[PDB]
Amino acid sequence: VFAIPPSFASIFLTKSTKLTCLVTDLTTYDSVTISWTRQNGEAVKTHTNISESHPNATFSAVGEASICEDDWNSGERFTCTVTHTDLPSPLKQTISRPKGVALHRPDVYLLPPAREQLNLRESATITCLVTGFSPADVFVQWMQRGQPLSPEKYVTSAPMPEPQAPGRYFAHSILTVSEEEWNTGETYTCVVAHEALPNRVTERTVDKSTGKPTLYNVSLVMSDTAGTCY
Amino acid sequence: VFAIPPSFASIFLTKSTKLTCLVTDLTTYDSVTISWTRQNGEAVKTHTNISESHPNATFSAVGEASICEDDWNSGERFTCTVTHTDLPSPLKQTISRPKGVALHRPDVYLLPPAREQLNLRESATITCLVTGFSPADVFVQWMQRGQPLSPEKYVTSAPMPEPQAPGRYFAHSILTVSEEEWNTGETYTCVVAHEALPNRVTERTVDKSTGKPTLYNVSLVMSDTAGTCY
Amino acid sequence: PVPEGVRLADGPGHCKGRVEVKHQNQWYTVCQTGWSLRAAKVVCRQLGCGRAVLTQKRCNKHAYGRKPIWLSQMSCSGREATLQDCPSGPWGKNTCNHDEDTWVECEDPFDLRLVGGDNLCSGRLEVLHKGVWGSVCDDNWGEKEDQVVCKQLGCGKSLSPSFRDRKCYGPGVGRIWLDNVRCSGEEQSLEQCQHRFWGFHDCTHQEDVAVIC
Amino acid sequence: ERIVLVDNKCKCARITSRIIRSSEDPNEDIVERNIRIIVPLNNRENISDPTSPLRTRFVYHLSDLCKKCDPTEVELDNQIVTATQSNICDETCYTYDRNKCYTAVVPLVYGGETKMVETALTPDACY
Ligand SMILES: *[C@@H]1O[C@H](CO)[C@@H](O[C@@H]2O[C@H](CO)[C@@H](O)[C@H](O)[C@H]2NC(C)=O)[C@H](O)[C@H]1NC(C)=O
Ligand SMILES: *[C@@H]1O[C@H](CO)[C@@H](O)[C@H](O)[C@H]1NC(C)=O
Ligand SMILES: *[C@@H]1O[C@H](CO)[C@@H](O)[C@H](O)[C@H]1NC(C)=O
Ligand SMILES: [Ca+2]
Ligand SMILES: [Ca+2]
């Protein structure tokens, strides 16, 4: 049984570390005795809403143990105990938070849309550049004015290895908006959820005017007395 | 199993159409069949052009067949039969060119590194925002002063669909340069190759001097006797 | 491993074709693992046929007939002149694939003809970038351009005329290959001068320049 | 160190950019943009038609000045290809250009011949 571990994006959207022992590589059979047991020697209330039978060389019973954040990062080797006809033994896979990963915080940079994008006047793409973070578990969500946008409006790439740094990763997430919305001036906050951040959330913001003043020094020279030479 | 097609990166940079499927070392086999068979049935001969060098490394090889005709560009049901006596089910993979995909030209935007990033004085990440291309495959290479930069300097993402667009894709290319190069004003050019481009390659260049200015000084010399420019 | 000459045959042109190689009267052809554009920049330098444009490792239908695969391996920098200036160490090493041949589409070299005049040393300027002859434009024309083009013509030195004979020697017709050509005075020929792109002109045919020397 | 960003001699706009090495820290060096625009007070709306009315409104789309629609060459590993430098294009000419000579044709009559002779709207341009 291939038990998918709860990723940080999965435990951040739900605020509940629901680790799943989805019954993979075992076909549909009888003798269901699926139980999630903690490594101390006990078990909790487990598997609310398991799905029906799907004999496409697998099953669909899902682990739904609502253990906590202080439970998952405690390092307790949680084991699911799926038994079936093919193997009459609990398939106790070892799932826990690995301690070998380094913990370097993201350096989140929020590049504004290019001036050509607003010049084309159909779309503006604000790109969040989450770079320099060591565990490849980042959840990026965008808020317009403090409330989240829909996940269809932004797309976040998978964490890919930063090439110059040894084991740090990087990830870029764009949000394609209309040019008229960006010209009004909105906050467009990029919230980055990661374990190594001091408060587990950083937030960056770009408005229409997010840089320096760019002070103008215009000179209407309205005579030929001060007119230029060549 | 994998059968990587020639994309527009392999078509344009190398000018050689190489059909390639990777046979990972599931089990050691003497006569490894990476026979690249056409829908017609004739097999352009390939054998162990480069070893896979996987962590197991048990008789694993890469077979690249140079079917370089117009039959790939027109399209055919090319199949390499990864048939092996060890694990006797043949783990073959079939790949064809995707047919009738509409062609929209990429709108390439070069984003300079953030003002937040240059304050760290450690590294500068230049973003090539290739977006709006509806054929999926795209080739992005960075050049500095007309010389091709090393592929370890930049990392380009897989194309993912643009959110608001129906089937148009977007891609990133993050070039990680040191800050002392970007603050001295070095031109980093983004060369991007796509099928829908008119000249097939677009070159965006960025550097500090073009950038976004922080002090426009304009002089509208309104001279009576201008006439011709000098 | 002595590459005396590398002829270009089976192609529409004298120096657009597939790469052969000659050693000791044996006409042979070259495969290469790393066969970049810089190799073609060498190949269409020892033949003196322009700059290198395209380098295809393009196969064809197998009934072409071909010479065997050249024994050594040729990988070098590309800034050098001939196929002897760079090493060809691994002799007898044939690691190309089964039946493929290379291809070079380097340009026809820059032939420059002073046309429209009574002698070949005095006329309107016409150049050969592609297969089509064409004039050049006089945007920001300078005496450095005149001395460079007269040095390339092999016809002495310029005299900087009073523009009347240049306007009397013909407007010309056709296409304008060069605009805003700018020579530093030290370049051997007109290609090595700074210019706008070939065939992109903001001028009509009334602005075709003439150089007198 | 004024790098010439555009040198448009048809609208007379010259844009030059420099990094002013203002302070010791390499970040606050201001990217300075020098737009120098010569406004011809007496040139007509159509410069090639000298009977055109006087040009009063002088609109300068600075993106249209900064477009580079001359394809450049790039050097790939196996190829040299022409590369477009902009997505903008696919001309008012407020001022005459020095390098370009502009001619208008006038109806000149002596005995009703109406011999249409070209003038020189800009003298000392093609002399
Ligand atoms: C600007 O003026 C020139 C000269 O009068 C115009 O060019 C002529 O235009 C007419 C009508 O379009 C043509 O019949 C002539 O053949 C043109 N002559 C030349 C030498 O080009 C030009 O059209 C005017 N442009 C504008 C925008 O008004
Ligand atoms: C713009 O400011 C600079 C100093 O930063 C000054 O030298 C220049 O004269 C100003 N331009 C004007 C007044 O047109
Ligand atoms: C901009 O300021 C510089 C001073 O650094 C000055 O020399 C230049 O003339 C100004 N630009 C214009 C267009 O006047
Ligand atoms: Ca010109
Ligand atoms: Ca001229």
# chains A, B, ... in the order shown; residues from 1 in each chain; ligands from 1

$ residues_around --residues "residue 6 (chain C)" --least-positions-apart "6" --cutoff "8 Å" --atoms "only C-alpha atoms" --output "ChimeraX atom specification"
/C:19-22,43,47

$ residues_around --residues "residue 82 (chain D)" --least-positions-apart "5" --cutoff "10 Å" --atoms "only C-alpha atoms" --output "ChimeraX atom specification"
/B:198-203 /C:197 /D:70-75

$ residues_near_ligand --ligand "ligand 3" --cutoff "6 Å" --atoms "only C-alpha atoms and all ligand atoms" --output "list in words"
residues 217, 218 and 219 of chain B; 34, 35 and 36 of chain D

$ write_last_selection --atoms "N, CA, C and O atoms" --output "mmCIF file, in the first residue's frame"
data_model
loop_
_atom_site.group_PDB
_atom_site.id
_atom_site.type_symbol
_atom_site.label_atom_id
_atom_site.label_comp_id
_atom_site.auth_asym_id
_atom_site.auth_seq_id
_atom_site.Cartn_x
_atom_site.Cartn_y
_atom_site.Cartn_z
ATOM 1 N N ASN B 217 15.080 62.800 -17.172
ATOM 2 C CA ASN B 217 15.304 64.225 -17.387
ATOM 3 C C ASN B 217 15.068 64.530 -18.863
ATOM 4 O O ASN B 217 15.807 64.130 -19.763
ATOM 5 N N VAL B 218 13.980 65.200 -19.094
ATOM 6 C CA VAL B 218 13.469 65.484 -20.423
ATOM 7 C C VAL B 218 13.799 66.927 -20.762
ATOM 8 O O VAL B 218 13.805 67.798 -19.891
ATOM 9 N N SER B 219 14.096 67.196 -22.029
ATOM 10 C CA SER B 219 14.327 68.570 -22.470
ATOM 11 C C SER B 219 13.638 68.745 -23.817
ATOM 12 O O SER B 219 14.219 68.459 -24.865
ATOM 13 N N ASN D 34 17.594 60.300 -20.497
ATOM 14 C CA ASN D 34 17.707 61.648 -21.054
ATOM 15 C C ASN D 34 16.948 61.699 -22.372
ATOM 16 O O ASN D 34 17.502 61.435 -23.434
ATOM 17 N N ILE D 35 15.680 62.074 -22.308
ATOM 18 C CA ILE D 35 14.906 62.291 -23.524
ATOM 19 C C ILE D 35 15.156 63.715 -24.000
ATOM 20 O O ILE D 35 14.847 64.675 -23.291
ATOM 21 N N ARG D 36 15.728 63.863 -25.192
ATOM 22 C CA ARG D 36 15.983 65.182 -25.765
ATOM 23 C C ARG D 36 15.177 65.316 -27.044
ATOM 24 O O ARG D 36 15.473 64.651 -28.041
#

$ closest_atom_pairs --of "chain D" --to "ligand 1" --cutoff "9 Å" --atoms "only C-alpha atoms and all ligand atoms" --output "JSON lines"
{"residue": "D:45", "atom": "CA", "partner": "ligand 1", "partner_atom_place_in_ligand_line": "28 (O)", "distance": 8.0}
{"residue": "D:46", "atom": "CA", "partner": "ligand 1", "partner_atom_place_in_ligand_line": "1 (C)", "distance": 5.0}
{"residue": "D:47", "atom": "CA", "partner": "ligand 1", "partner_atom_place_in_ligand_line": "1 (C)", "distance": 6.7}
{"residue": "D:48", "atom": "CA", "partner": "ligand 1", "partner_atom_place_in_ligand_line": "2 (O)", "distance": 4.5}
{"residue": "D:49", "atom": "CA", "partner": "ligand 1", "partner_atom_place_in_ligand_line": "2 (O)", "distance": 3.9}
{"residue": "D:50", "atom": "CA", "partner": "ligand 1", "partner_atom_place_in_ligand_line": "5 (O)", "distance": 7.7}
{"residue": "D:51", "atom": "CA", "partner": "ligand 1", "partner_atom_place_in_ligand_line": "5 (O)", "distance": 8.2}
{"residue": "D:52", "atom": "CA", "partner": "ligand 1", "partner_atom_place_in_ligand_line": "2 (O)", "distance": 7.9}
{"residue": "D:91", "atom": "CA", "partner": "ligand 1", "partner_atom_place_in_ligand_line": "27 (C)", "distance": 8.7}
{"residue": "D:92", "atom": "CA", "partner": "ligand 1", "partner_atom_place_in_ligand_line": "27 (C)", "distance": 7.8}
{"residue": "D:103", "atom": "CA", "partner": "ligand 1", "partner_atom_place_in_ligand_line": "20 (C)", "distance": 7.4}
{"residue": "D:104", "atom": "CA", "partner": "ligand 1", "partner_atom_place_in_ligand_line": "4 (C)", "distance": 6.0}
{"residue": "D:105", "atom": "CA", "partner": "ligand 1", "partner_atom_place_in_ligand_line": "20 (C)", "distance": 7.5}

$ closest_residue --among "B:66, B:37, B:178, B:214" --to "residue 81 (chain B)" --atoms "only C-alpha atoms"
B:37

$ interface_residues --of "chain B" --to "chain C" --cutoff "7 Å" --atoms "only C-alpha atoms" --output "list in words"
residues 15, 16, 68 and 69 of chain B

$ interface_residues --of "chain A" --to "chain B" --cutoff "7 Å" --atoms "only C-alpha atoms" --output "compact mmCIF listing (two decimals) with C-alpha atoms, in the first residue's frame"
# COMPACT_ATOMS: atom_id res chain seq x y z
CA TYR A 109 10.75 38.36 -4.51
CA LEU A 111 8.52 41.09 -9.68
CA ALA A 114 6.69 44.09 -17.54
CA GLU A 152 -7.47 28.88 -11.28
CA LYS A 153 -6.32 32.50 -11.59
CA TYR A 154 -2.71 31.87 -10.52
CA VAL A 155 -0.44 28.98 -11.49
CA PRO A 163 21.39 25.28 -10.03
CA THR A 176 -2.38 36.68 -14.89
CA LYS A 212 11.11 54.75 -6.32
CA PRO A 213 9.49 58.13 -7.19
CA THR A 214 11.27 58.14 -10.60
CA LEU A 215 11.47 61.91 -10.33
CA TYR A 216 10.90 63.81 -13.55
CA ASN A 217 13.23 66.64 -14.55
CA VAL A 218 11.39 67.93 -17.61
CA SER A 219 12.64 71.16 -19.23
CA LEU A 220 10.45 72.91 -21.79
CA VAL A 221 13.15 74.97 -23.50
CA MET A 222 10.89 77.36 -25.39
CA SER A 223 13.45 79.59 -27.13
CA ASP A 224 16.22 79.37 -29.71
CA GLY A 227 18.51 75.81 -28.26
CA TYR A 230 24.05 69.43 -32.88
